[PDB]
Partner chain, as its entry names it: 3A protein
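So this first bit is one chain, no partners, the form deposited without the partner chain, shown in structure tokens.
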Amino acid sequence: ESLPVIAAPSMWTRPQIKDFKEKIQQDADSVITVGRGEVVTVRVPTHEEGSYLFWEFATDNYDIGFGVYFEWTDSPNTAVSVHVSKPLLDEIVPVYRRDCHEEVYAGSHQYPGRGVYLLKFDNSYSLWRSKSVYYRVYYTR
């Protein structure tokens, strides 16, 4: 109901894509496969001890849609969960196609309150190709 204060996110790209994939691959949970025509949502709750969310991601051969939403939900855990496809939603990063197969894409956002970030990996426009998403999320103080 009440009106939130929402800061603009920071977004950047960086060219060290080969090293990025090498490092995150060292955890297989950090590589997700987004089926043709599918949308995958990574839910990332806010930490009480945190003030910002940071994310980075890349793909192998093709672009993919990416955006970020904030869901005003008091989450029991701070545990990250992944989901394949009442609460208020705000748009932090609009879902656009990203050339994250050529560069690492990254960004950050100041917590607007307690809630849950929705990282959207959107492959709904792809008729024939699955995508391999290499991704990292963490909070800062």
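Only residues modelled in both forms are compared. We call the rigid core whatever largest set of C-alpha positions still superposes within 1.5 Å between the two forms. Residue numbers count along the first chain shown, from 1.
Modelling of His83 is missing from a third or more of the other compared entries in which both of its neighbours are modelled. Across the other PDB entries of this protein whose models span the neighbouring residues, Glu48 is modelled without exception, so it is unmodelled in far fewer than a third. The segment from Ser85 to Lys86 is interrupted, since 10 or more residues of the deposited sequence in that interval carry no coordinates.
Between the stretches 65-73 and 23-31, it is 23-31 that shows the larger average CA temperature factor. Comparing the deposited coordinates for 74-82 and 52-60, the stretch with the larger average C-alpha B-factor is 74-82. Residue-level temperature factors show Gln16 in the highest third of its chain, judged at the C-alpha atom.
In the deposited entry, the Cα temperature factor of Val137 sits in the bottom third of values across the chain's modelled residues.
For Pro45, the recorded CA B-factor ranks within the highest third of the chain. Only modelled residues enter the ranking.
Per-chain ranking of the deposited C-alpha B factor places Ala7 in the lowest third.
Not on display, but discussed next: the form deposited with the partner chain bound.
Taking the partner from the other structure, the partner chain in the bound PDB entry has no heavy atom within 4.5 Å of any heavy atom of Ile6. Contact between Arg129 and the partner chain in the bound PDB entry is not found at the 4.5 Å heavy atom cutoff.
Contact annotation for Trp72: none of its heavy atoms lies within 4.5 Å of the partner chain in the bound PDB entry. In the bound PDB entry, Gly113 stays away from the partner chain, with no heavy atom inside 4.5 Å. Residues of 110-141 placing a heavy atom within 4.5 Å of the partner chain in the bound PDB entry, in sequence order: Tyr135, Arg136, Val137, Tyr138, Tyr139, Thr140, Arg141.
After superposition on the rigid core, only one stretch of three or more consecutive residues whose Cα atoms move by at least 2 Å between this form and the one not shown is found, at 45-50.
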